[PDB]
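One structure is given below, encoded as structure tokens.
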Amino acid sequence: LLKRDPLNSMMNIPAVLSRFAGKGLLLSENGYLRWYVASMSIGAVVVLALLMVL
Amino acid sequence: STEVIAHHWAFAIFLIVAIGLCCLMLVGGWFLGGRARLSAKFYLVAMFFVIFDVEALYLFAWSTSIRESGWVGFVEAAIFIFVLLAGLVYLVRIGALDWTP
Amino acid sequence: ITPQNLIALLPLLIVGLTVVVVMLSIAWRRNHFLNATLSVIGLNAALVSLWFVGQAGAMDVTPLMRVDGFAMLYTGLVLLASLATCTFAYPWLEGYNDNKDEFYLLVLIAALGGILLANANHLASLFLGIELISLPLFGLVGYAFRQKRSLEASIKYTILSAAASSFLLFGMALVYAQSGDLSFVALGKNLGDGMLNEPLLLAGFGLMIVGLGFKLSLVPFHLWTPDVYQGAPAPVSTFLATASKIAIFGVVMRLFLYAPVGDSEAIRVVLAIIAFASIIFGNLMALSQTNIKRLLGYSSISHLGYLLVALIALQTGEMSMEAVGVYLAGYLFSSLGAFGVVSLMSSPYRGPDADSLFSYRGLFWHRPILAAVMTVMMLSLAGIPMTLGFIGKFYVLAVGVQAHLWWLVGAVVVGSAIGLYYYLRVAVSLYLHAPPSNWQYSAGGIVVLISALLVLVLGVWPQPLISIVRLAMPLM
Amino acid sequence: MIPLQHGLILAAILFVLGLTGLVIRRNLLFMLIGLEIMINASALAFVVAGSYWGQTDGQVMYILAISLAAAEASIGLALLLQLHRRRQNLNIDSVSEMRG
Amino acid sequence: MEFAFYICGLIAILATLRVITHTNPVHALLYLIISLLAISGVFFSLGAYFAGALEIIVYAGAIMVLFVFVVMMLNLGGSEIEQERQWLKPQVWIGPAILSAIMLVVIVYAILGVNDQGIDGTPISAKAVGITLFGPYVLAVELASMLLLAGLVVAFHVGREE
Ligand SMILES: CCCCCCCCCCCCCCCCCC(=O)OC[C@H](COP(=O)(O)OCCN)OC(=O)CCCCCCCCCCCCCCCCC
Ligand SMILES: CCCCCCCCCCCCCCCCCC(=O)OC[C@H](COP(=O)(O)OCCN)OC(=O)CCCCCCCCCCCCCCCCC
Ligand SMILES: CCCCCCCCCCCCCCCCCCCC
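If you read the protein sequences in the order shown, they are chains L, A, N, K and J. So the first sequence is numbered by the authors' numbering: it starts at 559 and just counts up by one. FYI, in the authors' numbering the residues of the second sequence are 6 to 41, 63 to 127. FYI, in the authors' numbering the residues of the third sequence are 3 to 437, 445 to 485. So the fourth sequence is numbered by the authors' numbering: it starts at 1 and just counts up by one. So the fifth sequence is numbered by the authors' numbering: it starts at 1 and just counts up by one.
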């Protein structure tokens with residue numbers, strides 16, 4: 559039951575999570591200038607709202 | 006005041022009479038009578075006009091208050107106009123300000 | 003206006019006179035060698051004249067400008083970045099069939115804007131310095147406009163930087179509407195008794211944060227960075243990544259130092275979230291990158307996140323300014339060497355049609371010393387000890403521990419581990435197996458070798474850099 | 001007699017209109033037009049702020065803003081001319097080769 | 001004063017709304033020129049006489065002339081864009097519109113809670129603007145000359161034919 563070293567796999571889990579998160583984040587780098595402007599305006603909205611709620 | 010509001014009224018009437026005269030002229034023209063790829067040099071010239079127009083606005087603001095700025099203002103306007111003429115010489119010498127090659 | 007104030011202005015005057023002289027020399031004849039030499043002579047002269055400005059002292063040259071040792075340190079970093087850019091640009095521009103001389107004029111004018119941002123003490127001077135480093139970068143990013151990727155990067159950077167300039171200008175206008183004074187020290191002066199967090203002041207600072215965080219590649223204003231870095235010419239990528247980031251973060255450092263609204267808790271929390279997201283996202287997006295330009299763009303996002311972590315600890319700590327100085331020296335040398343190795347392997351410019359892929363795999367077996375420099379900078383940007391990048395990481399960790407910024411400290415550790423993965427992947431790919446000849450290319454190799462030796466020497470022995478950064482003090 | 005808030009709100013309305021025109025349009029020319037709208041709105045806000053306090057600084061910042069607007073319009077229209085020369089269309093979505 | 005300010009602000013808003021939705025480029029530029037004339041009228045209402053004169057001279061009289069020149073040069077008539085009208089259907093613009101509306105309402109909330117003693121409207125002449133511009137702001141003047149120089153150099157380098 560232990561021959562595959564389960565503790566090593568459970569400690570290897572954060573590497574899998576990092577690879578999945580990086581692959582998911584790289585989808586936003588689609589190369590569209592209009593989406594880049596849209597993301598700038600979205601970030602402006604988020605920053606302004608965060609500054610207003612404190 | 007009185008003279009300033011009289012002049013405001015006169016200027017507004019001048020505006021509306023001129024515009025109405027032109028529009029009435031075209032309306033009467035339409036009424037009366039019986040019926041039956064450009065080169066980049068244009069862009070460059072217009073762009074040069076824009077840049078030197080903004081620099082001209084700086085000189086416009088300089089020219090009004092000469093006797094309130096002293097000799098330091100003359101010095102600063104002198105570096106301003108020197109960079110102006112340096113850019114003009116740069117444009118002329120490379121062929122930017124020549125319609126024909 | 004005093005003549006000592008004229009002594010405080012010498013980097014600005016020397017760079018402007020170099021601009022005029024190089025422009026007139028181009029107007030006389032188009033000589034790449036002579037105009038490039040005149041440009042590097044003017045930049046070297048301004049770097050030398052920083053000593054005379056240091057002997058002049060420290061004073062407020064205008065309601066706009068203020069010069070102290072803080073400003074001279076930032077001016078020196080910007081001038082060194084510009085000199086390295088010109089040195090990398092000459093073997094690059096040797097292959098450029100169009101006019102090779104406008105490059106140096108734009109580089110010099112951008113260095114002038116960097117100097118203005120180094121010395122800026124005023125919203126007008128900050129806006130002017132931002133625009134003076136931006137518009138020549140519009141020209142330089144698309145200097146090879148016939149190349150498809152360079153034209154794409156030029157259009158992207160121009161549109162997005164015009165939008166960010168509009169955001170920054172609108173925020174400045176709202177701040178001036180509240181305050182009635184464009185001086186840095188008056189941004190929050192008319193408030194008091196706990197009424198520091200005025201909503202219009204905070205929203206104006208938020209719009210300025212949007213513009214400057216675009217300029218600093220901070221998440222979520224970061225998506226332009228890999229595309230613009232990949233599409234731009236490699237010396238232009240070097241100049242952007244070093245000079246633009248250093249000058250704008252220096253002026254942001256100064257703005258948050260003297261503005262009384264810099265002690266607002268809301269801006270601190272927003273900048274903490276931005277720093278956290280920048281570190282994590284920039285490290286995570288560079289995991290699976292086979293292109294060194296995009297990888298270095300994501301790396302720049304993470305490193306500006308670390309710098310922002312050092313920025314948040316400004317008011318609570320005391321060593322925050324020194325931390326920013328030491329980190330910026332290490333980052334300048336590291337990014338200079340990295341993008342320089344990329345530049346000399348991308349030199350000469352092969353044309354608009356041919357690919358400009360780096361192909362770092364197997365670099366040691368045909369070009370070994372540059373491979374050694376490249377892996378040294380990979381270790382330095384990873385923050386590994388024996389490198390000055392570690393010394394900067396240690397300073398950032400010290401100011402995060404002293405200010406009890408535990409979330410940002412944990413972000414630094416986790417993003418450091420992810421960075422270790424991708425940086426070590428690049429550094430070991432340099433020594434795997436894969437399937445110039447003038448003195449200017451040798452000068453570029455000299456520049457990257459010198460920067461690598463400096464980062465190694467100040468990794469093992471960091472005390473001179475610490476002492477000379479501590480020598481710089483502002484007019485508090 | 002004129003509130004400062006009304007001038008600031010008018011500038012904000014023009015700014016967000018320019019941002020909307022920047023985002024929604026595929027043609028690069030209308031993107032440049034929206035950029036001009038946003039920078040003119042920012043300059044207008046600076047004029048309103050300077051006029052409220054009775055200072056010249058608002059008009060000076062207006063002059064700096066329109067200098068920037070002239071420079072950016074020049075550079076953007078040069079880039080648009082280059083795009084129309086190379087690709088014979090002004091679709092900004094086709095300029096999307098770099099990604100990842 | 002207030003009366004001209006409010007009509008000119010309303011005209012500027014309406015003209016900008018026609019700008020960002022129109023399909024014909026020359027018509028959109030004409031609406032943009034109208035909005036610039038209105039913004040200059042707003043400047044003249046505030047007392048910034050130099051700013052209004054510059055809004056006509058520099059913005060409408062130079063920059064929009066450059067845009068009009070470029071549009072006439074390219075002969076733009078909707079190359080598979082007017083035939084599509086992608087920006088008109090709500091499934092395209094419904095996102096950016098509400099995003100800009102949210103940003104606008106946050107900015108307006110920030111504006112609504114400030115000190116407002118009212119704009120006097122006393123004319124700040126171009127002579128005083130010149131005294132300030134060549135008094136405390138001379139480094140701004142010089143570096144703006146270099147700014148326009150940089151823009152000119154960039155625009156010539158990019159906008160050639162060969
Ligand atoms: C016991 C709990 C209490 C003590 C905790 C102590 C924490 C520090 C010490 C332990 C660190 C554990 C790190 C585990 C992952 C190590 C990296 C690794 O395994 O990399 C291998 C893998 C690549 O190999 P391969 O599977 O072939 O993938 C092909 C790639 N295309 O690589 C990849 O696939 C990508 C690797 C990305 C970078 C590594 C992951 C970093 C994640 C954050 C680490 C920091 C600690 C966070 C908390 C961990 C859990 C407690
Ligand atoms: C009539 C109903 C609407 C009809 C459709 C729209 C027509 C155009 C409306 C806008 C332009 C006119 C606005 C009304 C101006 C009337 C005169 C006025 O109110 O003057 C007051 C003031 C005088 O100056 P001041 O010394 O400050 O006096 C204040 C009190 N002592 O004046 C000032 O301070 C400045 C005066 C205004 C600025 C100069 C004129 C600007 C013109 C802008 C035109 C914009 C484009 C129009 C396009 C039309 C088609 C859409
Ligand atoms: C820790 C600080 C940096 C230390 C030096 C890092 C490496 C620099 C380059 C030194 C020379 C490398 C030579 C590698 C030879 C590999 C041969 C492999 C044979 C299978």
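Positions of the beta carbon are idealized from the N, C-alpha and C atoms, including for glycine.
When 8 Å is used as the limit between beta carbons, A48 (chain N) is near no residue of chain A, the shortest such separation being about 17 Å.
With a 10 Å radius around the Cβ and a threshold of 16 neighbouring Cβ atoms, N37 (chain N) comes out buried. Between the alpha carbons of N91 (chain K) and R592 (chain L) lies a distance of about 11 Å.
Listed by position along chain N, the residues whose Cβ is nearer than 7 Å to that of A112 (chain A) are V22, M25, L26. Cα atoms of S446 (chain N) and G339 (chain N): separation of roughly 20 Å, rounded to the nearest angstrom. Taking CB atoms only, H27 (chain J) has no neighbour in chain N less than 8 Å away. Distances from the CB of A374 (chain N) to the heavy atoms of ligand 3 include at least one below 7 Å.
Looking at the DSSP output, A28 (chain J) sits in no beta bridge, so it has no partner there. Around the CB of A51 (chain J), 16 or more other CB atoms lie within 10 Å, so the residue is classed as buried. Only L83, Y84, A87 from the region 81-98 of chain A bring a Cβ to less than 8 Å from some Cβ of chain K. Shortest Cα-Cα distance from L108 (chain N) to any of N:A120, N:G141, N:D183 involves N:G141. In the displayed model, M61 (chain N) falls within a strand according to three-state DSSP. Annotation: the continuous alpha helix (DSSP H) that includes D57 (chain K) extends over 57-87. At a cut-off of 8 Å between C-beta atoms, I475 (chain N) does not count as an interface residue with respect to chain J. Note that the region 245-252 of chain N does not touch the region 204-212 of chain N; fewer than 3 beta-carbon pairs, one per stretch, sit closer than 8 Å. What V42 (chain J) touches in chain A, judged by beta-carbon distance under 9 Å, is nothing: the nearest beta carbon there is about 17 Å away. Residue environment: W125 (chain A) is assigned as exposed (fewer than 16 neighbouring CB atoms within 10 Å of its CB, all protein chains considered).
The DSSP-derived three-state label of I2 (chain K) is strand.
By the Cβ criterion, the region 22-29 of chain J is not in contact with the region 182-201 of chain N, since fewer than three pairs of Cβ atoms, one from each stretch, lie closer than 8 Å. As a beta-bridge residue in DSSP terms, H124 (chain N) pairs with N:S185.
DSSP places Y308 (chain N) inside the alpha helix (DSSP H), whose first and last residues are 294-314. Straight-line spacing of the CA atoms in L162 (chain N) and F223 (chain N) works out to 9 Å.
By the 16-neighbour rule on beta-carbons within 10 angstroms, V105 (chain J) is exposed. When secondary structure is reduced to three states using DSSP, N91 (chain K) falls in the strand class. Rounded to whole angstroms, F67 (chain J) and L74 (chain J) show a C-alpha spacing of 11 Å. Its chain contains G18, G21, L22 as the residues whose beta carbon lies nearer than 6 Å to that of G34 (chain K), once the 5 sequence neighbours on both sides are disregarded; these appear in chain order. Under the 8 Å criterion on CB atoms, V76 (chain A) is classed as non-interfacial with respect to chain N.
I20 (chain J) has its alpha-carbon roughly 12 Å from the corresponding atom of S35 (chain J). Contact between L583 (chain L) and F283 (chain N) holds: CB atoms are separated by about 6 Å, below the 8 Å threshold. By the criterion of at least three beta-carbon pairs nearer than 8 Å, the region 122-138 of chain N is not in contact with the region 375-388 of chain N. For the region 93-121 of chain J, the set of residues with a beta-carbon nearer than 9 Å to any beta-carbon of chain N comprises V106, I107, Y109, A110, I111, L112, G113, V114, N115, in chain order.
Burial is judged here by how many other beta carbons sit within 10 angstroms of a residue's own beta carbon; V32 (chain A) has fewer than 16 and is exposed. Among the residues of chain K, those whose CB is under 8 Å from the CB of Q86 (chain J) are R26, following chain order.
When C-alpha distances from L46 (chain J) are compared across J:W87, J:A144, J:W93, J:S125, the shortest belongs to J:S125.
For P564 (chain L), the Cβ stays outside the 7 Å cut-off from all heavy atoms of ligand 1. Residue environment analysis places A17 (chain A) among the exposed positions, since fewer than 16 neighbouring C-beta atoms fall within 10 angstroms of its C-beta.
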